[PDB]
Amino acid sequence: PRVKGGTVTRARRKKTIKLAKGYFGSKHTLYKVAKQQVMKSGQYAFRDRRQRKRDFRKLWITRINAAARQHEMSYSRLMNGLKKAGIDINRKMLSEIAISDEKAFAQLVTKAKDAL
Amino acid sequence: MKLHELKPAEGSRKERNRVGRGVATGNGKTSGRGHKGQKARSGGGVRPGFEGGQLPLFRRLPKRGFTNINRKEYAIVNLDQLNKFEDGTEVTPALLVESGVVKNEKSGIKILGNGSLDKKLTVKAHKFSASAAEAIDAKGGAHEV
Amino acid sequence: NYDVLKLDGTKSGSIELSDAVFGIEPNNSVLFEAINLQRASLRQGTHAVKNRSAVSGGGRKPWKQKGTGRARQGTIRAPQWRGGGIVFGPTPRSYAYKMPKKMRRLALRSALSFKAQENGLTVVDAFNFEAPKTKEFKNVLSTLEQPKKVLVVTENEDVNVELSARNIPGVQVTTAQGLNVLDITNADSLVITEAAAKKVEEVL
Amino acid sequence: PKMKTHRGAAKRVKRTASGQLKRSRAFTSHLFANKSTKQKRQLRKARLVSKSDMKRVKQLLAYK
RNA sequence: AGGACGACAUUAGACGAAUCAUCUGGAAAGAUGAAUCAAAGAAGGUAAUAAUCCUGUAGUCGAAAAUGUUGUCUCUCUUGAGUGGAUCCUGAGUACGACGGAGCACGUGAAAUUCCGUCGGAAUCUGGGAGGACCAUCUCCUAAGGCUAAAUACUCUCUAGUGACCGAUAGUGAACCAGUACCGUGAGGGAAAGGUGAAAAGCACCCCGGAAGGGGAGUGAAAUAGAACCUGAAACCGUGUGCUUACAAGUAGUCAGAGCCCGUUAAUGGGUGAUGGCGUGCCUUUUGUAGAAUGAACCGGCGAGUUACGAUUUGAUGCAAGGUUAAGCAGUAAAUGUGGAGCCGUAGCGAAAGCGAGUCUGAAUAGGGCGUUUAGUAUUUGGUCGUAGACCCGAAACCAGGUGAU
RNA sequence: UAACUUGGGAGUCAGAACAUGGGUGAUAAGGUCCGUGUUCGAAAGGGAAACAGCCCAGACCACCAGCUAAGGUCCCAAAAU
RNA sequence: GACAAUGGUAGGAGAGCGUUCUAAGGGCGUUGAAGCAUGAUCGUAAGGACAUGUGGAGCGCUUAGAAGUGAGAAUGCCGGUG
Ligand SMILES: [Mg+2]
Ligand SMILES: [Mg+2]
Ligand SMILES: [Mg+2]
Ligand SMILES: [Mg+2]
Ligand SMILES: [Mg+2]
Ligand SMILES: [Mg+2]
Ligand SMILES: [Mg+2]
Ligand SMILES: [Mg+2]
Ligand SMILES: [Mg+2]
Ligand SMILES: [Mg+2]
Ligand SMILES: [Mg+2]
Ligand SMILES: [Mg+2]
Ligand SMILES: [Mg+2]
Ligand SMILES: [Mg+2]
Ligand SMILES: [Mg+2]
Ligand SMILES: [Mg+2]
Ligand SMILES: [Mg+2]
Ligand SMILES: [Mg+2]
Ligand SMILES: [Mg+2]
Ligand SMILES: [Mg+2]
Ligand SMILES: [Mg+2]
Ligand SMILES: [Mg+2]
Ligand SMILES: [Mg+2]
Ligand SMILES: [Mg+2]
Ligand SMILES: [Mg+2]
Ligand SMILES: [Mg+2]
Ligand SMILES: [Mg+2]
Ligand SMILES: [Mg+2]
Ligand SMILES: [Mg+2]
Ligand SMILES: [Mg+2]
Ligand SMILES: [Mg+2]
Ligand SMILES: [Mg+2]
Ligand SMILES: [Mg+2]
Ligand SMILES: [Mg+2]
Ligand SMILES: [Mg+2]
Ligand SMILES: [Mg+2]
Ligand SMILES: [Mg+2]
Ligand SMILES: [Mg+2]
Ligand SMILES: [Mg+2]
Ligand SMILES: [Mg+2]
Ligand SMILES: [Mg+2]
Ligand SMILES: [Mg+2]
Ligand SMILES: [Mg+2]
Ligand SMILES: [Mg+2]
Ligand SMILES: [Mg+2]
């Protein structure tokens, strides 16, 4: 028996195009260039899930550095002091504390300085 | 079993492999042929036994022998096979054929001496091994060509 | 041992049927192979296509090998051309194959044994039909309390039984010699005359 | 159609009980002044077809 | 060579069972309920899907005429055996030979057996030919004259059917006014192009407009079915709008993210996106390609490891020292029954004679090679190979028969 | 924690750089030909600005968690003015 | 429960998705099938539902069978349109 091309092709291509929704011009319209872009999007997203952890740790560290400097202490010495004090609060929590309640952060800074 | 619940025996059936139907299969594109050369071509590949121009094995070796036009070959029966007939039986080529011991008689029945005869028989065959005749006689039977 | 009924449903007697035919444990592997074999043998196989040689025309090179700027082409009937010849495709052939005779016999026995163990085996004394009457045969089936799909087995060709059952959906009529795995398996119940049952027993 | 036997191979080998192929020996045609007594004596003895050669040639002698 | 009568068949036809109601709906065959026929539940049609509405189907019947095949009469022709071995006959430029070719599975070979050309050239039943040079013996035939049905091959065609064959780029090149249009001096090459609706009920009439086209009105279940008029994807072209954009360096996304606008298969929602991080398409081919190497304007359709028969291996199944049939015949184009010829296995070794669980080599009871000290076989899925175009497309060419000196 | 034997299926036979032992060349070549190792090929991630072959290191998937490698910590740009 | 592995081209091995057709069974459909369009849906992937609109008559599902069974590239063929 003969199997004509049928509907599968259009269904598959339409799925790719819908995933290409929002893209510029032909890239949200034509299957070949949409497919290519969706491939690039997948590769980029896989890479960027990992890069995002780097990025947010970097941000937290920058903010902690700024807070420590406000307390006359470098980021490096503050982290060394917290380690020697046995305090395991991670960078994200430290940043959020520094932002939200400065007195708590000042007490942590004094704990670090005492440990050093 | 029901025509709406048919099931082949486990391991009796396996889906055939289809090449050139996309990369995920592992046999897309070059379809398991690798890249280029004679062996990658439709209808490609050398003759069996061809050694790319090295003199083939079956030309560097020599011929031997001849075939005898009058070659004789016998249907063989051993004593272990004769062991199925009742003692006192007169075993003949016709009886061997009917009993199914011998299927194709070839140039005739030769009795050979493998295994042990455990019965007294009168064996008629076109030929006998020395050992076979000795065993047939020693068991109290007789043999005749 | 199986009861033998009259067409009115009352017990005419009892019959002994060899368990070596109706009492074996069905061999499903062999039965599947037999069913598949019969279904394959039923195929006509008359399908074809036109390859590039077969399609009309196409002899000449449609344009010169080099210089025109087009892809090189050798015939308008090449497979990538609209209207071109087909690559491979169906070609007339048989789908029938054989199995060993012992396995054929085992399949028939297995199907009969499956009926006997599912209680879809009814033995009747005889069919005393003198003229064909679909309505009488329908009544006989109803009195025997048979399911929709019934295979009726006669010792030999029974013209009137065949003609009476012929128009009834789901009712198939065969002889002891004509018994086959597809019919037995397709049926929900077998209605076999005493003489047919003995004959089948002899054969298998 | 049926596969065809390679007739030269069929004229040059014999199948043994275990399925091997007995063969005769090269360098046994002429120029015997140039081969030692031991060489000729030992070349007199038949051999088998090697495993690596069998891989290549087995289909040629499938009916043999 | 005819004739008479009869039968059957073909070429038109005839009869041929049995269903009503309601619901939805434009329409009922659908659903529901209750019935009926069946030697008829094949099929098509009918306003949707019908055994019972129609055409039909099973079954039965039917021919003025022509044709075909047959049977009996008629007609026509026509003796059939044995004994005897005196003589006679029993296919001549033949058989055969030489040289040169050809055909035989057989390539000139040790080349029988059979033909052609050239030249030469028998015997006559106590004869002649063959058994693969040749001779003898034996055995079997009787050339050099002719005829002969059936079993076999094929299908332009007619009749009745069938399909795990196509369904408008498929299937024929051709579903359609196709070997047409068109191209060519010619031989020759060779397309595209199906679908309103159940019914034509195919839009009276009014209005803008020269017309085309349109807006109403009407027909219709539907016109959003209005004429290449079922459905109506994408490329591509427009109109409107929520968010956004005129200091910015962009493989166009991705991850992060305010603001604004919405509100869903209700999910730790949807659209947009100031701004930040990261980031040189895809395929092919390559040591290595963002590559300035190849290919693709875009979208759609179409477009490439298949089948047959053998071989081998693996899995499965049956049977097992056994396993198994082929053609054929019967059967429904089936299964299947029958068919044991044949094939593989149960024993090998040896070039062979041959011997045999051993055999070959060898002077050897030596040594060494191959073997023994169980398992096969049939069918079949998968893998692979062989013969076939053998995964698909592509030469320049070669040969054969034609068409051309406008 | 492999190794070997038998059998079914392959692909590959253009290699590249870097380091090092050598020939050749001119103790030329991103040259060429051998030996030894690694990496690329067929390897993404971090470093070397960018940069197959160098340095670190081998990505089953998810996380806005932690420790480290090479390499780094004035600003671009995370961390010592 | 533990703890071990899971980069990958040629290529080998395995398990699957989807398409047409067939068989058997069981179902859906003018109270609206297929097809088409849209959606914020489900599954580890190929892919599967559901809702609504359009459409107007056919189509699923389960088990097994069989293949003209899956396209993005061939200066591929044809059509349409830039
Ligand atoms: Mg397609
Ligand atoms: Mg990390
Ligand atoms: Mg594979
Ligand atoms: Mg697989
Ligand atoms: Mg791979
Ligand atoms: Mg391969
Ligand atoms: Mg290639
Ligand atoms: Mg290469
Ligand atoms: Mg290769
Ligand atoms: Mg161009
Ligand atoms: Mg075609
Ligand atoms: Mg010699
Ligand atoms: Mg009528
Ligand atoms: Mg009605
Ligand atoms: Mg009627
Ligand atoms: Mg001659
Ligand atoms: Mg002669
Ligand atoms: Mg002669
Ligand atoms: Mg002779
Ligand atoms: Mg005679
Ligand atoms: Mg004839
Ligand atoms: Mg179709
Ligand atoms: Mg269409
Ligand atoms: Mg055409
Ligand atoms: Mg056409
Ligand atoms: Mg339309
Ligand atoms: Mg601005
Ligand atoms: Mg590709
Ligand atoms: Mg290069
Ligand atoms: Mg390029
Ligand atoms: Mg090139
Ligand atoms: Mg281009
Ligand atoms: Mg396209
Ligand atoms: Mg092939
Ligand atoms: Mg002139
Ligand atoms: Mg170099
Ligand atoms: Mg070089
Ligand atoms: Mg090296
Ligand atoms: Mg490479
Ligand atoms: Mg790298
Ligand atoms: Mg970098
Ligand atoms: Mg890993
Ligand atoms: Mg800093
Ligand atoms: Mg892996
Ligand atoms: Mg295809």
Side-chain angles (χ1 to χ4, degrees), chain A residues 1-8 10 23-24 27 30 32 36-37 40-41 44-45 47-49 51-53 55-56 58 61-62 74-76 90 92, chain B residues 2-7 9 11-14 16 19-22 24 26 31-32 34-35 42-43 48 64-66 68 76 112-114 129, chain C residues 29-30 33 36 38-39 41-44 46-49 56-57 60 65 69-74 78-84 86-91 93 97-100 102-104 106 132 134-135 163-164 166-167 169 177 180-182 186, chain D residues 1-3 16-17 22 45-46 58-59 62:
Chain A
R2 173 166 183 262
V3 186
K4 69 204 313 305
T7 68
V8 296
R10 179 170 47 238
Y23 298 176
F24 175 86
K27 291 176 172 271
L30 316 181
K32 288 166 195 173
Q36 287 175 200
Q37 198 53 63
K40 288 288 286 191
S41 286
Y44 284 151
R47 174 253 271 160
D48 286 339
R49 277 182 227 102
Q51 290 198 149
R52 176 172 69 218
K53 301 150 173 60
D55 296 336
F56 273 85
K58 178 189 307 311
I61 282 164
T62 301
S74 64
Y75 164 93
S76 182
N90 70 30
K92 171 184 185 173
Chain B
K2 303 289 191 59
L3 295 182
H4 53 277
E5 303 170 348
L6 300 173
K7 280 286 171 61
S12 51
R13 304 255 171 189
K14 174 147 78 178
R16 69 190 296 171
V19 297
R21 296 301 188 275
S31 296
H35 282 288
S42 169
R64 178 173 187 86
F66 73 101
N68 176 22
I76 63 172
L112 290 185
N114 199 80
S129 191
Chain C
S29 298
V30 170
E33 295 308 318
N36 185 85
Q38 193 171 351
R39 287 216 57 240
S41 80
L42 290 166
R43 306 188 53 162
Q44 193 168 282
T46 51
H47 35 56
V49 298
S56 73
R60 70 176 59 170
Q65 175 86 351
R70 299 279 312 270
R72 65 215 179 182
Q73 308 284 358
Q80 78 278 8
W81 286 65
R82 175 183 179 277
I86 309 307
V87 179
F88 307 136
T91 186
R93 61 192 171 113
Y97 63 95
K98 310 282 189 56
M99 52 164 49
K102 286 169 189 173
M103 293 176 68
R104 307 174 204 162
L106 174 55
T134 303
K135 192 178 192 305
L163 297 179
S164 303
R166 192 206 276 161
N167 216 44
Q177 277 187 15
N180 62 71
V181 170
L182 264 184
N186 187 49
Chain D
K2 301 184 189 177
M3 199 162 55
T16 72
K22 187 182 187 183
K45 294 278 175 274
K58 54 194 196 66
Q59 283 287 64

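Because only heavy atoms are used, hydrogens play no part in the values below, and waters and symmetry mates are left out as well, while side chains stay in. A, B, ... follow the sequence lines: proteins, then strands. Residue 1 opens every chain.
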**Q** Decide, for G:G39, between syn and anti: a glycosidic angle within 90° of 0 counts as syn, anything else as anti.
**A**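 In terms of base orientation relative to the sugar, G:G39 is anti.
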**Q** Between A:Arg47 and F:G46, is there a side-chain N or O to OP1/OP2 distance below 4.0 Å?
**A**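 Checking A:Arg47 against F:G46: no side-chain N or O falls below 4.0 Å of OP1 or OP2.
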**Q** May I ask you to verify if any side-chain N or O of C:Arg39 is less than 4.0 angstrom from the OP1 or OP2 atom of G:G65?
**A**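 Answer no for this pair, as no side-chain N or O of C:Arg39 is under 4.0 Å from OP1 or OP2.
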**Q** Between A:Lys53, A:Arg49, A:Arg47, which is the residue that forms a side chain to side chain contact (heavy atoms under 4.5 Å, CB included) with A:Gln51?
**A**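 Running side chain to side chain contact (heavy atoms under 4.5 Å, CB included) over A:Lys53, A:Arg49, A:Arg47 with A:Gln51 returns exactly one hit, A:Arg47.
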**Q** Describe the nucleic acid contact of C:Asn167 in one word from base, sugar-phosphate, nothing, applying a heavy-atom distance below 4.0 Å.
**A**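 Contact class for C:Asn167: base.
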**Q** Could you work out the separation of G:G79 and E:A170 based on their P atoms and round it to a whole Å?
**A**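 One P to the other, the span is 13 Å.
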**Q** Would you indicate, yes or no, if G:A23 has its OP1 or OP2 atom less than 4.0 angstrom from a side-chain nitrogen or oxygen of C:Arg43?
**A**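 Negative; the distance criterion is not met.
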**Q** Please tell me whether E:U139 and E:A130 form a Watson-Crick or G-U wobble pair, using a cut-off of 3.5 Å on both distances.
**A**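 Indeed, E:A130 forms a Watson-Crick or wobble pair with E:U139, both distances being under 3.5 Å.
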**Q** Taking 5' to 3' order, which nucleotide of RNA chain E is first and which is last to have an atom within less than 4.0 Å of a heavy atom in chain C?
**A**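 Nucleotide range in contact with chain C: E:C37 to E:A396.
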**Q** In this structure, is C:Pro100 a major-groove or a minor-groove contact, using side-chain heavy atoms and a 5.0 Å limit (strictly less than)?
**A**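 It is the minor groove that C:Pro100 approaches.
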**Q** Taking only the side-chain nitrogens and oxygens of C:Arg93, find out if one of them lies under 4.0 Å from OP1 or OP2 of G:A67.
**A**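 Answer is yes, contact under 4.0 Å.
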**Q** Here's a test of your reading of the structure: between A:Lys53 and A:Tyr75, which maps to the more 5' nucleotide of RNA chain F?
**A**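 It is A:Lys53 whose nearest nucleotide is closer to the 5' end.
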**Q** Please pick, from G:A24, G:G68, G:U63, the nucleotide with the shortest atom-to-atom distance to any side-chain atom of A:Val3.
**A**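 Nearest to the side-chain atoms of A:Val3, counting from C-beta on, is G:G68.
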**Q** Given G:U20, is OP1 or OP2 found less than 4.0 Å from the side-chain N or O atoms of A:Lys4?
**A**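 The answer is no; no side-chain N or O of A:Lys4 sits under 4.0 Å from OP1 or OP2.
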**Q** Watson-Crick or G-U wobble partner for E:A256, using a 3.5 Å limit on both distances?
**A**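 For E:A256, the partner nucleotide comes out as E:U275, under the 3.5 Å rule.
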**Q** Would you give the length of the straight line joining atom NZ of D:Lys22 to atom CZ of B:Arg64, rounded to the nearest 0.5 angstrom?
**A**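 Between atom NZ of D:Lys22 and atom CZ of B:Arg64 there are 6.5 Å.
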**Q** Under the rule syn = chi within 90° of 0, otherwise anti, which is E:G25?
**A**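 This nucleotide is in anti.
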**Q** Please report the distance separating the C1' of F:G30 from the corresponding atom of F:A17, rounded so that it comes out in whole Å.
**A**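 Nearest-Å result for F:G30 against F:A17 at atom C1': 9 Å.
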**Q** Expressed in angstrom and rounded to an integer, what is the separation of A:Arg10 atom CZ from G:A71 atom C1'?
**A**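 Taking atom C1' of G:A71 as the reference, CZ of A:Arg10 is at 16 Å.
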